[PDB]
Protein chains: 2
Amino acid sequence: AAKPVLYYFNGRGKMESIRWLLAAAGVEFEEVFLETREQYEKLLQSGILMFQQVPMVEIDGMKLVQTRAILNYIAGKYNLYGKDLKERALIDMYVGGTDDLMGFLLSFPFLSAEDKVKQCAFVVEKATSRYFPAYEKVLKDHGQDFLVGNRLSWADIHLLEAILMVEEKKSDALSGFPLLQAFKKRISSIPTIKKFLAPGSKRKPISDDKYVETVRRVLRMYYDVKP
Amino acid sequence: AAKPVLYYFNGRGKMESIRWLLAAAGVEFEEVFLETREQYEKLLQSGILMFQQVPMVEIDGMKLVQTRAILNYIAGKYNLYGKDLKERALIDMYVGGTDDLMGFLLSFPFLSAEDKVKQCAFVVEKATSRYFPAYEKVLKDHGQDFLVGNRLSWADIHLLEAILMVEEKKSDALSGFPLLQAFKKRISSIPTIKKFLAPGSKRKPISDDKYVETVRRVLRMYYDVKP
């Protein structure tokens with residue numbers, strides 16, 4: 001092995017969460033961006049994408065595909081997946097919820113101005129009435145700084161990312177969830193994470209129109225993404 | 001703990017895969033079906049559905065939500081998840097692909113007759129040009145009876161289910177994938193699985209119109225599911 005290599009577009013997408021996890025773990029990685037269609041075609045005939053898709057990560061000799069497979073592997077390898085099955089079930093449960101929440105924003109940059117507005121509210125309602133109350137309760141019920149095992153876990157990292165994403169759409173969306181507001185502070189303060197949030201890191205920005213173009217050109221898809 | 005309880009509609013949905021896994025493991029379970037809207041409302045105020053959704057499974061004291069969390073827990077608990085992280089990464093990768101494939105059929109019973117036809121072909125193309133060739137290669141490359149660790153794993157079980165589902169739409173879809181045809185035989189023969197495929201088991205049938213009705217009534221959603 002050597003240093004993890006993340007193959008994906010130069011933007012957030014489904015790769016962002018993996019960037020977050022590797023960073024929180026203090027793991028340095030290299031990225032190979034998809035800019036041209038010929039590049040993609042070359043990658044396909046190569047046959048290193050088991051199911052003809054990205055994300056794809058070369059780590060410890062393997063060339064992994066399937067976002068959840070990759071994240072799972074990373075959470076286990078760097079001891080951010082709990083101590084046993086019970087603790088891992090909780091982490092998967094929480095991660096599941098923030099994944100669904102984040103999943104509602106995947107197509108956002110591909111929506112029309114009219115849809116972006118409609119989707120924006122949809123996601124805000126989802127987070128404030130469904131997700132945030134659930135995670136707020138987890139913290140309340142055990143009163144510990146972390147979601148699971150009183151120690152940083154993938155779940156915490158995934159939750160933080162989801163929080164900042166919702167806050168990029170509705171800056172005060174977290175208002176009324178004191179525990180998450182304090183959670184947002186604590187987690188954002190952990191050195192590795194703090195560095196990732198800092199300037200010059202590999203954290204990717206909100207996807208703009210160039211991102212969409214590069215995607216539509218290389219994959220020849222998502223031309224008419226609906227809300 | 002006691003005996004696992006699966007809360008969900010009396011049909012396939014996202015619960016089917018969990019039924020398959022628990023059965024392959026020789027685990028007996030009880031089911032509580034969602035038939036009325038008031039039933040759902042009662043379940044909600046109860047607050048046992050962390051994110052206000054089903055599937056939900058009560059197992060070993062926990063009330064788990066998030067399909068993947070549940071399956072993950074079940075695969076680990078009954079030693080159908082590999083021996084280490086490397087083997088588990090492979091299983092997650094394979095499962096990921098059959099999950100995406102099966103994911104394309106979730107809304108099928110809610111489609112119009114015109115869409116069902118369109119979706120049917122879409123899924124067939126997906127399985128024959130993308131998925132089946134990939135899994136065929138895994139078997140070819142190591143020439144072992146199982147996908148991972150030369151022993152039955154969740155991945156094998158998930159693959160079989162996906163095969164039979166595609167075959168319920170295009171009976172000869174597996175034609176040209178000798179290795180999967182032999183894989184289909186081997187796996188279908190394992191006693192626990194063989195019993196699940198047999199008559200009188202809890203395996204659920206292809207969702208009909210009554211299924212759709214019961215869903216639309218209890219959840220008040222999926223009224224206009226698009227292709």
# chains A, B, ... in the order shown; residues from 1 in each chain; ligands from 1

call {"tool": "closest_atom_pairs", "arguments": {"of": "chain B", "to": "chain A", "cutoff": "6 Å", "atoms": "only C-alpha atoms", "output": "CSV"}}
result
residue,atom,partner,partner_atom,distance
B:66,CA,A:93,CA,5.7
B:69,CA,A:92,CA,4.8
B:73,CA,A:89,CA,5.7
B:89,CA,A:73,CA,5.7
B:92,CA,A:69,CA,4.8
B:93,CA,A:69,CA,5.3
B:96,CA,A:66,CA,5.9

call {"tool": "write_last_selection", "arguments": {"atoms": "N, CA, C and O atoms", "output": "CSV table (one decimal), in the first residue's frame"}}
result
chain,number,residue,atom,x,y,z
B,66,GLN,N,-33.3,1.9,9.6
B,66,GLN,CA,-32.3,2.0,8.5
B,66,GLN,C,-31.9,0.6,8.1
B,66,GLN,O,-31.1,-0.1,8.7
B,69,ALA,N,-28.4,-0.6,8.2
B,69,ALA,CA,-27.9,-0.8,9.6
B,69,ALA,C,-28.3,-2.2,10.1
B,69,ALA,O,-27.4,-2.9,10.6
B,73,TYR,N,-25.9,-5.3,10.9
B,73,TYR,CA,-25.9,-6.0,12.2
B,73,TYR,C,-26.1,-7.5,12.1
B,73,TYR,O,-25.4,-8.3,12.7
B,89,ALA,N,-14.8,-5.5,3.2
B,89,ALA,CA,-14.9,-4.4,2.2
B,89,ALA,C,-15.4,-5.0,0.8
B,89,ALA,O,-16.2,-4.4,0.1
B,92,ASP,N,-19.2,-5.6,1.2
B,92,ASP,CA,-19.9,-4.4,1.1
B,92,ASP,C,-19.9,-3.9,-0.4
B,92,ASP,O,-20.9,-3.3,-0.8
B,93,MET,N,-18.8,-4.1,-1.1
B,93,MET,CA,-18.7,-3.7,-2.5
B,93,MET,C,-19.7,-4.5,-3.3
B,93,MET,O,-20.5,-3.9,-4.1
B,96,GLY,N,-23.2,-3.7,-2.3
B,96,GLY,CA,-23.6,-2.4,-2.9
B,96,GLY,C,-24.2,-2.5,-4.3
B,96,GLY,O,-25.2,-1.9,-4.5

call {"tool": "residues_around", "arguments": {"residues": "residue 180 of chain B", "least_positions_apart": "4", "cutoff": "12 Å", "atoms": "only C-alpha atoms", "output": "MDAnalysis selection string"}}
result
chainID B and resid 128 131:140 143:147 156 159:160 162:164 173:176 184:188

call {"tool": "residues_around", "arguments": {"residues": "residue 166 of chain A", "least_positions_apart": "5", "cutoff": "8 Å", "atoms": "only C-alpha atoms", "output": "NGL selection string"}}
result
:A and (123-124 or 127 or 171 or 173)

call {"tool": "residues_around", "arguments": {"residues": "residue 109 of chain A", "least_positions_apart": "4", "cutoff": "9 Å", "atoms": "only C-alpha atoms", "output": "list in words"}}
result
residues 105, 116, 206, 207, 208, 209, 211 and 212 of chain A

call {"tool": "write_last_selection", "arguments": {"atoms": "N, CA and C atoms", "output": "mmCIF file, in the first residue's frame"}}
result
data_model
loop_
_atom_site.group_PDB
_atom_site.id
_atom_site.type_symbol
_atom_site.label_atom_id
_atom_site.label_comp_id
_atom_site.auth_asym_id
_atom_site.auth_seq_id
_atom_site.Cartn_x
_atom_site.Cartn_y
_atom_site.Cartn_z
ATOM 1 N N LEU A 105 -29.618 16.364 -1.091
ATOM 2 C CA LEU A 105 -28.927 17.493 -1.693
ATOM 3 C C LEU A 105 -28.012 17.101 -2.847
ATOM 4 N N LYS A 116 -34.425 24.474 -7.081
ATOM 5 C CA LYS A 116 -33.473 24.711 -6.003
ATOM 6 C C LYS A 116 -34.188 25.302 -4.790
ATOM 7 N N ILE A 206 -19.341 24.256 -2.142
ATOM 8 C CA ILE A 206 -20.668 24.006 -2.690
ATOM 9 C C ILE A 206 -20.500 23.953 -4.211
ATOM 10 N N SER A 207 -21.007 22.890 -4.824
ATOM 11 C CA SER A 207 -20.878 22.704 -6.265
ATOM 12 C C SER A 207 -21.547 23.801 -7.079
ATOM 13 N N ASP A 208 -20.780 24.427 -7.968
ATOM 14 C CA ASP A 208 -21.303 25.493 -8.824
ATOM 15 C C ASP A 208 -21.721 24.943 -10.197
ATOM 16 N N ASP A 209 -21.874 25.825 -11.186
ATOM 17 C CA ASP A 209 -22.280 25.407 -12.533
ATOM 18 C C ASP A 209 -21.166 24.678 -13.291
ATOM 19 N N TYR A 211 -19.104 22.687 -12.035
ATOM 20 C CA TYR A 211 -19.142 21.321 -11.531
ATOM 21 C C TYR A 211 -20.147 20.540 -12.358
ATOM 22 N N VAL A 212 -21.356 21.078 -12.455
ATOM 23 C CA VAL A 212 -22.419 20.431 -13.210
ATOM 24 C C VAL A 212 -21.977 20.147 -14.646
#

call {"tool": "residues_around", "arguments": {"residues": "segment 193-205 of chain A", "least_positions_apart": "4", "cutoff": "6 Å", "atoms": "only C-alpha atoms", "output": "list in words"}}
result
residues 11, 12, 24, 188 and 189 of chain A

call {"tool": "write_last_selection", "arguments": {"atoms": "N, CA and C atoms", "output": "tab-separated table (two decimals), in the first residue's frame"}}
result
chain	number	residue	atom	x	y	z
A	11	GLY	N	-15.18	18.04	-7.13
A	11	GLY	CA	-16.31	18.65	-6.45
A	11	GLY	C	-16.77	17.72	-5.35
A	12	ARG	N	-17.83	18.10	-4.66
A	12	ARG	CA	-18.35	17.29	-3.56
A	12	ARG	C	-18.92	15.92	-3.96
A	24	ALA	N	-10.66	13.41	9.09
A	24	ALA	CA	-10.90	13.31	10.53
A	24	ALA	C	-9.93	12.29	11.13
A	188	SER	N	-16.21	20.37	15.67
A	188	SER	CA	-15.47	21.28	14.81
A	188	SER	C	-14.11	21.65	15.39
A	189	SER	N	-13.94	21.42	16.69
A	189	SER	CA	-12.70	21.75	17.39
A	189	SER	C	-11.62	20.68	17.39

call {"tool": "residues_around", "arguments": {"residues": "residue 8 of chain A", "least_positions_apart": "4", "cutoff": "10 Å", "atoms": "only C-alpha atoms", "output": "MDAnalysis selection string"}}
result
chainID A and resid 12:16 31:35 53:57 215

call {"tool": "write_last_selection", "arguments": {"atoms": "C-alpha atoms", "output": "PDB file, in the first residue's frame"}}
result
ATOM      1  CA  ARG A  12     -18.354  17.290  -3.558  1.00  0.00           C
ATOM      2  CA  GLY A  13     -20.744  14.635  -4.858  1.00  0.00           C
ATOM      3  CA  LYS A  14     -20.650  11.294  -3.051  1.00  0.00           C
ATOM      4  CA  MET A  15     -16.911  11.557  -2.534  1.00  0.00           C
ATOM      5  CA  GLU A  16     -17.102  14.449  -0.048  1.00  0.00           C
ATOM      6  CA  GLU A  31      -7.004  12.800  -5.763  1.00  0.00           C
ATOM      7  CA  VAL A  32      -7.383  12.162  -9.474  1.00  0.00           C
ATOM      8  CA  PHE A  33     -10.091  14.378 -10.942  1.00  0.00           C
ATOM      9  CA  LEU A  34     -12.415  13.507 -13.828  1.00  0.00           C
ATOM     10  CA  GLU A  35     -12.375  16.406 -16.286  1.00  0.00           C
ATOM     11  CA  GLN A  53     -18.890   3.961 -11.572  1.00  0.00           C
ATOM     12  CA  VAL A  54     -17.089   6.361  -9.259  1.00  0.00           C
ATOM     13  CA  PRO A  55     -16.319   7.126  -6.437  1.00  0.00           C
ATOM     14  CA  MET A  56     -13.400   4.746  -6.582  1.00  0.00           C
ATOM     15  CA  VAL A  57     -10.634   4.597  -4.031  1.00  0.00           C
ATOM     16  CA  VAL A 215     -20.267  16.087 -14.752  1.00  0.00           C
TER      17      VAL A 215
END
